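Let me begin by presenting the structure, written as C-alpha cells, before commenting on it.
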Amino acid sequence: XXXXXXXXXXXXXXXXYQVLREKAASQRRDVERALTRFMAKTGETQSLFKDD
Amino acid sequence: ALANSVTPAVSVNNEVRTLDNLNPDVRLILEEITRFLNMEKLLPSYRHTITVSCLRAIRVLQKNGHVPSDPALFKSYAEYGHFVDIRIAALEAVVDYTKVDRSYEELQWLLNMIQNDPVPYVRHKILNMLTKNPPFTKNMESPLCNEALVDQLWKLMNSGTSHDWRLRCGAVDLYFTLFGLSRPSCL
C-alpha cells in the first residue's frame with residue numbers, strides 16, 4: 001500500500017473536554033488581564049502601594 | 001470569600017511597604033480584585049456591586065497590614081459623582097479607618113462632608129454606621145476629642161443641621177456614644 005494506494009488526513013481531533021474548557025477559560029483570564037493592563041497604564045491611575 | 005481569606009500575620013516586623021511585593025497568595029488575591037475593579041470600571045454590571053465587595057476586601061487587606069493603611073483610594077470613592085452604594089461602602093470603610101487608625105484630619109473631612117453634600121442618605125448612613133462603629137470611644141479618649149472636636153460637634157448639633165430632623169438625631173446619637181451623660185472632661 002506504501003506506493004499504490006492512498007488515504008485521507010483529517011489530523012486534528014483535539015477533543016479533550018476538561019482540557020478544552022481549561023483552554024477557553026485561561027484565554028478569558030488572559031484577555032481580562034490584558035485589557036486591565038491596557039487601561040491600567042492608559043487612563044487615570046491610582047495605586048495600592050506607592051508607584052505600582 | 002477572598003475578603004474572608006483574612007491573613008493578619010504576614011508582616012512580622014515591617015513588611016507593609018512594597019517590600020516583598022507582599023507575598024505570596026495575597027498578591028494573587030490582589031490580581032483578581034484588581035481585575036474585577038477594572039472590569040466593573042469597563043463592563044459595569046449592576047450598581048458596581050462587585051466594586052462594593054472589592055472595596056470591602058481592600059479595607060480588610062488594610063486591616064491586616066498588607067496594602068498599607070491609606071484611605072486615599074476609599075477617599076477617591078467617597079467622592080460625589082459615583083453611585084450611592086459605592087459611596088456608602090467607602091464611607092463605611094473610612095469610618096473603620098478612622099476607628100482603628102487615628103486619622104484626625106479625615107474625621108474632620110468627614111464631618112465637613114456631613115455638613116456639606118446634597119445627598120441625604122449618605123448623611124443618614126455616615127452618622128448611622130459612624131455611631132455603630134465609632135472612633136473616640138467614650139472614656140477611652142486617647143485621640144483627644146476634648147480639644148475642639150466637642151466644640152464643632154456641639155455646633156453641628158446646633159448649627160448646620162436644621163435641614164433635616166434625623167441628621168441632628170444622629171448627632172444626638174453621636175453625643176450618646178461619645179461622652180453621653182456628662183461633661184466631656186473638658187472643664
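So you can find residues: chains in the C-alpha cells are A, B, ... in the order shown, residues in each start at 1, and ligands are numbered from 1 in order.
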_I need the contact residues of chain B against chain A, so if you could list those with any atom within 9 Å, counting only C-alpha atoms, and return them as a list in words, that would help._
residues 16, 17, 18, 21, 31, 34, 35, 36, 38, 39, 67, 68, 70, 72 and 73 of chain B
With N, CA, C and O atoms kept, could you save the residues just selected as a PDB file, in the first residue's frame?
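In the end it all went to selection19.pdb:
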```pdb
ATOM      1  N   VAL B  16       5.156  45.994  55.089  1.00  0.00           N
ATOM      2  CA  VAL B  16       3.964  46.717  54.667  1.00  0.00           C
ATOM      3  C   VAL B  16       4.184  47.432  53.344  1.00  0.00           C
ATOM      4  O   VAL B  16       3.215  47.685  52.611  1.00  0.00           O
ATOM      5  N   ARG B  17       5.434  47.633  52.953  1.00  0.00           N
ATOM      6  CA  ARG B  17       5.837  48.808  52.202  1.00  0.00           C
ATOM      7  C   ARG B  17       6.514  48.436  50.896  1.00  0.00           C
ATOM      8  O   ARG B  17       7.691  48.766  50.713  1.00  0.00           O
ATOM      9  N   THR B  18       5.823  47.631  50.067  1.00  0.00           N
ATOM     10  CA  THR B  18       6.250  47.221  48.719  1.00  0.00           C
ATOM     11  C   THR B  18       7.456  46.283  48.811  1.00  0.00           C
ATOM     12  O   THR B  18       8.165  46.034  47.836  1.00  0.00           O
ATOM     13  N   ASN B  21       6.844  42.908  47.545  1.00  0.00           N
ATOM     14  CA  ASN B  21       5.629  42.998  46.741  1.00  0.00           C
ATOM     15  C   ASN B  21       4.655  41.932  47.240  1.00  0.00           C
ATOM     16  O   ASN B  21       4.361  40.937  46.578  1.00  0.00           O
ATOM     17  N   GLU B  31      -4.417  40.435  42.429  1.00  0.00           N
ATOM     18  CA  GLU B  31      -4.584  40.352  40.986  1.00  0.00           C
ATOM     19  C   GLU B  31      -6.042  40.201  40.613  1.00  0.00           C
ATOM     20  O   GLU B  31      -6.546  40.915  39.736  1.00  0.00           O
ATOM     21  N   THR B  34      -8.039  43.389  41.459  1.00  0.00           N
ATOM     22  CA  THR B  34      -7.662  44.436  40.539  1.00  0.00           C
ATOM     23  C   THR B  34      -8.363  44.235  39.216  1.00  0.00           C
ATOM     24  O   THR B  34      -8.896  45.189  38.624  1.00  0.00           O
ATOM     25  N   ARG B  35      -8.438  42.973  38.794  1.00  0.00           N
ATOM     26  CA  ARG B  35      -9.166  42.627  37.589  1.00  0.00           C
ATOM     27  C   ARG B  35     -10.620  43.008  37.694  1.00  0.00           C
ATOM     28  O   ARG B  35     -11.169  43.620  36.778  1.00  0.00           O
ATOM     29  N   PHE B  36     -11.260  42.655  38.796  1.00  0.00           N
ATOM     30  CA  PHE B  36     -12.687  42.893  38.844  1.00  0.00           C
ATOM     31  C   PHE B  36     -12.998  44.360  38.983  1.00  0.00           C
ATOM     32  O   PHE B  36     -14.003  44.819  38.437  1.00  0.00           O
ATOM     33  N   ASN B  38     -11.286  46.724  37.527  1.00  0.00           N
ATOM     34  CA  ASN B  38     -11.203  47.357  36.227  1.00  0.00           C
ATOM     35  C   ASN B  38     -12.249  46.822  35.249  1.00  0.00           C
ATOM     36  O   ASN B  38     -12.693  47.569  34.363  1.00  0.00           O
ATOM     37  N   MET B  39     -12.703  45.580  35.442  1.00  0.00           N
ATOM     38  CA  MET B  39     -13.819  45.044  34.669  1.00  0.00           C
ATOM     39  C   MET B  39     -15.086  45.826  34.935  1.00  0.00           C
ATOM     40  O   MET B  39     -15.767  46.257  34.002  1.00  0.00           O
ATOM     41  N   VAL B  67      -1.720  45.802  52.021  1.00  0.00           N
ATOM     42  CA  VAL B  67      -1.704  47.112  51.380  1.00  0.00           C
ATOM     43  C   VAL B  67      -1.872  48.130  52.493  1.00  0.00           C
ATOM     44  O   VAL B  67      -2.776  47.984  53.329  1.00  0.00           O
ATOM     45  N   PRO B  68      -0.980  49.121  52.579  1.00  0.00           N
ATOM     46  CA  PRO B  68      -0.884  49.961  53.776  1.00  0.00           C
ATOM     47  C   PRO B  68      -2.128  50.786  54.084  1.00  0.00           C
ATOM     48  O   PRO B  68      -2.964  51.062  53.223  1.00  0.00           O
ATOM     49  N   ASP B  70      -4.022  53.376  54.138  1.00  0.00           N
ATOM     50  CA  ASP B  70      -4.062  54.618  53.434  1.00  0.00           C
ATOM     51  C   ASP B  70      -5.472  54.768  52.879  1.00  0.00           C
ATOM     52  O   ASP B  70      -5.987  53.841  52.237  1.00  0.00           O
ATOM     53  N   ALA B  72      -6.758  56.941  50.699  1.00  0.00           N
ATOM     54  CA  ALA B  72      -6.915  57.816  49.537  1.00  0.00           C
ATOM     55  C   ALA B  72      -7.635  57.140  48.379  1.00  0.00           C
ATOM     56  O   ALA B  72      -8.243  57.822  47.549  1.00  0.00           O
ATOM     57  N   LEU B  73      -7.575  55.810  48.306  1.00  0.00           N
ATOM     58  CA  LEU B  73      -8.453  55.064  47.414  1.00  0.00           C
ATOM     59  C   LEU B  73      -9.901  55.247  47.805  1.00  0.00           C
ATOM     60  O   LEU B  73     -10.729  55.699  47.005  1.00  0.00           O
TER      61      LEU B  73
END
```
*Residues at most 12 Å from segment 158-165 of chain B, counting only C-alpha atoms, excluding those fewer than 4 positions away in the same chain, as number ranges by chain?*
B: 111-121, 123-124, 151-154, 169-172
Could you write out that same residue set with N, CA, C and O atoms as an mmCIF file, in the first residue's frame?
```cif
data_model
loop_
_atom_site.group_PDB
_atom_site.id
_atom_site.type_symbol
_atom_site.label_atom_id
_atom_site.label_comp_id
_atom_site.auth_asym_id
_atom_site.auth_seq_id
_atom_site.Cartn_x
_atom_site.Cartn_y
_atom_site.Cartn_z
ATOM 1 N N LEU B 111 -16.763 65.084 58.843
ATOM 2 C CA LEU B 111 -17.771 65.939 59.450
ATOM 3 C C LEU B 111 -18.095 67.122 58.566
ATOM 4 O O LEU B 111 -19.246 67.570 58.516
ATOM 5 N N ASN B 112 -17.096 67.622 57.845
ATOM 6 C CA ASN B 112 -17.355 68.695 56.903
ATOM 7 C C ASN B 112 -18.252 68.229 55.776
ATOM 8 O O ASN B 112 -19.102 68.987 55.299
ATOM 9 N N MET B 113 -18.116 66.979 55.373
ATOM 10 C CA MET B 113 -18.990 66.487 54.331
ATOM 11 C C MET B 113 -20.347 66.077 54.880
ATOM 12 O O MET B 113 -21.326 66.113 54.132
ATOM 13 N N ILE B 114 -20.427 65.714 56.165
ATOM 14 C CA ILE B 114 -21.721 65.579 56.834
ATOM 15 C C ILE B 114 -22.469 66.884 56.758
ATOM 16 O O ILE B 114 -23.656 66.924 56.420
ATOM 17 N N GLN B 115 -21.770 67.974 57.049
ATOM 18 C CA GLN B 115 -22.308 69.285 56.748
ATOM 19 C C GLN B 115 -22.588 69.442 55.265
ATOM 20 O O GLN B 115 -23.701 69.802 54.874
ATOM 21 N N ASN B 116 -21.609 69.170 54.423
ATOM 22 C CA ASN B 116 -21.671 69.675 53.060
ATOM 23 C C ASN B 116 -21.635 68.529 52.060
ATOM 24 O O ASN B 116 -20.569 67.967 51.799
ATOM 25 N N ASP B 117 -22.806 68.225 51.497
ATOM 26 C CA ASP B 117 -23.088 67.371 50.346
ATOM 27 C C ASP B 117 -24.582 67.467 50.082
ATOM 28 O O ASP B 117 -25.339 67.813 50.996
ATOM 29 N N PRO B 118 -25.060 67.186 48.874
ATOM 30 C CA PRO B 118 -26.502 67.288 48.653
ATOM 31 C C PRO B 118 -27.268 66.045 49.025
ATOM 32 O O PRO B 118 -28.472 66.143 49.284
ATOM 33 N N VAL B 119 -26.637 64.889 49.077
ATOM 34 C CA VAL B 119 -27.413 63.661 49.211
ATOM 35 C C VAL B 119 -27.765 63.454 50.679
ATOM 36 O O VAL B 119 -26.887 63.585 51.542
ATOM 37 N N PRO B 120 -29.010 63.185 50.997
ATOM 38 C CA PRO B 120 -29.388 62.971 52.391
ATOM 39 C C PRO B 120 -28.923 61.637 52.898
ATOM 40 O O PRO B 120 -28.452 61.508 54.032
ATOM 41 N N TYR B 121 -29.085 60.633 52.042
ATOM 42 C CA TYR B 121 -28.989 59.269 52.516
ATOM 43 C C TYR B 121 -27.558 58.917 52.864
ATOM 44 O O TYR B 121 -27.325 58.076 53.740
ATOM 45 N N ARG B 123 -25.713 61.139 54.400
ATOM 46 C CA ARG B 123 -25.555 61.722 55.723
ATOM 47 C C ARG B 123 -26.170 60.818 56.771
ATOM 48 O O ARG B 123 -25.556 60.556 57.818
ATOM 49 N N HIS B 124 -27.345 60.287 56.443
ATOM 50 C CA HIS B 124 -28.013 59.262 57.228
ATOM 51 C C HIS B 124 -27.093 58.092 57.531
ATOM 52 O O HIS B 124 -26.918 57.715 58.694
ATOM 53 N N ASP B 151 -16.480 70.884 70.495
ATOM 54 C CA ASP B 151 -16.998 72.192 70.133
ATOM 55 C C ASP B 151 -17.693 72.147 68.786
ATOM 56 O O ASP B 151 -18.862 72.530 68.673
ATOM 57 N N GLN B 152 -16.999 71.641 67.765
ATOM 58 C CA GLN B 152 -17.590 71.549 66.437
ATOM 59 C C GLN B 152 -18.756 70.586 66.404
ATOM 60 O O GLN B 152 -19.718 70.802 65.663
ATOM 61 N N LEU B 153 -18.691 69.529 67.198
ATOM 62 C CA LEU B 153 -19.805 68.603 67.258
ATOM 63 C C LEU B 153 -21.026 69.236 67.906
ATOM 64 O O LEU B 153 -22.150 69.051 67.430
ATOM 65 N N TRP B 154 -20.819 70.004 68.969
ATOM 66 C CA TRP B 154 -21.906 70.748 69.585
ATOM 67 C C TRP B 154 -22.486 71.762 68.621
ATOM 68 O O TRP B 154 -23.704 71.984 68.592
ATOM 69 N N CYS B 169 -30.715 64.167 64.868
ATOM 70 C CA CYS B 169 -30.965 62.979 65.671
ATOM 71 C C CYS B 169 -29.748 62.062 65.689
ATOM 72 O O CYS B 169 -29.394 61.494 66.729
ATOM 73 N N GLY B 170 -29.072 61.937 64.556
ATOM 74 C CA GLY B 170 -27.832 61.195 64.537
ATOM 75 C C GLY B 170 -26.744 61.877 65.326
ATOM 76 O O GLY B 170 -25.901 61.214 65.929
ATOM 77 N N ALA B 171 -26.750 63.204 65.346
ATOM 78 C CA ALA B 171 -25.773 63.902 66.163
ATOM 79 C C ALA B 171 -26.055 63.693 67.643
ATOM 80 O O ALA B 171 -25.122 63.629 68.455
ATOM 81 N N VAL B 172 -27.334 63.562 67.997
ATOM 82 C CA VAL B 172 -27.719 63.138 69.339
ATOM 83 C C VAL B 172 -27.157 61.759 69.635
ATOM 84 O O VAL B 172 -26.666 61.491 70.736
#
```
_I want to know what sits within 9 Å of residue 174 of chain B, based on only C-alpha atoms, with residues of the same chain fewer than 6 positions away left out; could you give that as an MDAnalysis selection string?_
chainID B and resid 127 130:131 134 153 180
_Residues within 10 Å of residue 76 of chain B, only C-alpha atoms, excluding chain neighbours under 5 positions, as a VMD selection string_ = (chain A and resid 46) or (chain B and resid 71 82 87 90)
Kindly export the residues of the current selection with N, CA, C and O atoms, as a compact mmCIF listing (two decimals), in the first residue's frame.
```txt
# COMPACT_ATOMS: atom_id res chain seq x y z
N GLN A 46 -4.67 55.25 40.05
CA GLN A 46 -4.25 55.31 41.44
C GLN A 46 -3.99 53.91 41.95
O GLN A 46 -4.59 52.94 41.50
N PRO B 71 -6.10 55.88 53.10
CA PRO B 71 -7.53 55.98 52.80
C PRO B 71 -7.81 56.51 51.40
O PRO B 71 -8.97 56.49 50.97
N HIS B 82 -20.34 59.40 42.00
CA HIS B 82 -20.42 57.96 41.84
C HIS B 82 -21.81 57.54 42.24
O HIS B 82 -22.70 58.36 42.45
N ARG B 87 -20.31 54.78 47.21
CA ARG B 87 -20.00 55.85 48.13
C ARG B 87 -20.32 55.43 49.54
O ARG B 87 -19.55 55.69 50.46
N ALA B 90 -17.63 53.00 50.75
CA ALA B 90 -16.41 53.74 51.02
C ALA B 90 -16.51 54.47 52.34
O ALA B 90 -15.53 54.56 53.08
```
*asked:* Residues of chain B classed as alpha helix (DSSP H) by DSSP on the backbone are to be reported as number ranges by chain.
replied: B: 25-42, 49-62, 72-75, 84-100, 104-115, 120-132, 149-158, 165-177
*Residue neighbourhood residue 93 of chain B, 8 Å, only C-alpha atoms, exclusion window fewer than 5 positions, as a list in words*: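 The neighbour list is residues 55, 56, 59 and 74 of chain B.
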Keeping N, CA, C and O atoms, export the residues of the selection given above as a PDB file, in the first residue's frame.
```pdb
ATOM      1  N   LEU B  55     -14.244  46.863  47.499  1.00  0.00           N
ATOM      2  CA  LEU B  55     -13.772  47.897  48.403  1.00  0.00           C
ATOM      3  C   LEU B  55     -13.735  47.393  49.828  1.00  0.00           C
ATOM      4  O   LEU B  55     -12.783  47.686  50.571  1.00  0.00           O
ATOM      5  N   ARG B  56     -14.722  46.576  50.192  1.00  0.00           N
ATOM      6  CA  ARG B  56     -14.674  45.926  51.496  1.00  0.00           C
ATOM      7  C   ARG B  56     -13.463  45.017  51.603  1.00  0.00           C
ATOM      8  O   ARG B  56     -12.789  44.987  52.645  1.00  0.00           O
ATOM      9  N   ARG B  59     -10.286  47.088  52.149  1.00  0.00           N
ATOM     10  CA  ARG B  59     -10.134  47.556  53.521  1.00  0.00           C
ATOM     11  C   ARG B  59      -9.692  46.435  54.447  1.00  0.00           C
ATOM     12  O   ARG B  59      -8.741  46.615  55.218  1.00  0.00           O
ATOM     13  N   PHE B  74     -10.217  54.864  49.041  1.00  0.00           N
ATOM     14  CA  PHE B  74     -11.571  54.935  49.560  1.00  0.00           C
ATOM     15  C   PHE B  74     -12.060  56.359  49.560  1.00  0.00           C
ATOM     16  O   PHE B  74     -13.225  56.623  49.246  1.00  0.00           O
TER      17      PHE B  74
END
```
*asked:* Let me make sure I understand: among B:88, B:143, B:81, B:41, which one has the smallest atom-to-atom distance to residue 44 of chain A if we use only C-alpha atoms?
replied: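 Going through B:88, B:143, B:81, B:41 one by one, the smallest distance to residue 44 of chain A is for B:41.
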*Rounded to one decimal in Å, what is the spacing between atom CA of residue 45 of chain B and atom CA of residue 24 of chain B?*
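Atom-to-atom, atom CA of residue 45 of chain B and atom CA of residue 24 of chain B are spaced 29.6 Å apart.
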*Do you know which residues are at most 12 Å from residue 66 of chain B counting only C-alpha atoms, after dropping those on the same chain fewer than 6 positions away, and could you put them as a list in words?*
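Contacts, in chain order: residues 48 and 49 of chain A; 6, 7, 8, 9, 10, 11, 12, 14, 15, 16, 17, 18, 19, 20, 21, 22, 23, 24, 25, 26, 27, 29, 30, 57, 58, 59 and 60 of chain B.
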Can I get the selection written as a tab-separated table (two decimals), in the first residue's frame, with C-alpha atoms?
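Written file, again-v1.tsv:
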```tsv
chain	number	residue	atom	x	y	z
A	48	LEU	CA	-2.29	50.29	46.12
A	49	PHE	CA	1.29	50.79	47.17
B	6	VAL	CA	-8.11	37.16	56.24
B	7	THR	CA	-4.36	36.74	56.75
B	8	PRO	CA	-3.33	39.08	59.58
B	9	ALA	CA	0.12	37.72	60.34
B	10	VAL	CA	2.42	38.01	57.32
B	11	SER	CA	4.27	41.23	58.18
B	12	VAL	CA	6.21	40.04	61.20
B	14	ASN	CA	7.88	45.74	58.80
B	15	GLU	CA	6.52	44.07	55.63
B	16	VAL	CA	3.96	46.72	54.67
B	17	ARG	CA	5.84	48.81	52.20
B	18	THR	CA	6.25	47.22	48.72
B	19	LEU	CA	8.92	45.09	50.34
B	20	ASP	CA	8.20	41.61	49.11
B	21	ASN	CA	5.63	43.00	46.74
B	22	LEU	CA	3.97	41.30	49.56
B	23	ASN	CA	3.58	37.66	49.32
B	24	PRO	CA	2.51	35.22	48.01
B	25	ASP	CA	-1.17	34.40	47.73
B	26	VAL	CA	-2.18	37.83	48.92
B	27	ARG	CA	-0.72	39.05	45.64
B	29	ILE	CA	-5.96	37.91	45.54
B	30	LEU	CA	-4.78	41.39	44.63
B	57	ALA	CA	-11.97	43.45	50.51
B	58	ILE	CA	-9.36	46.15	50.11
B	59	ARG	CA	-10.13	47.56	53.52
B	60	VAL	CA	-9.86	44.12	55.13
```
*Fewer than 2 positions away in the same chain doesn't count, so skip those; otherwise give me all residues within 12 Å of residue 142 of chain B, counting only C-alpha atoms, as a PyMOL selection string.*
chain B and resi 99-102+104+135-140+144-147
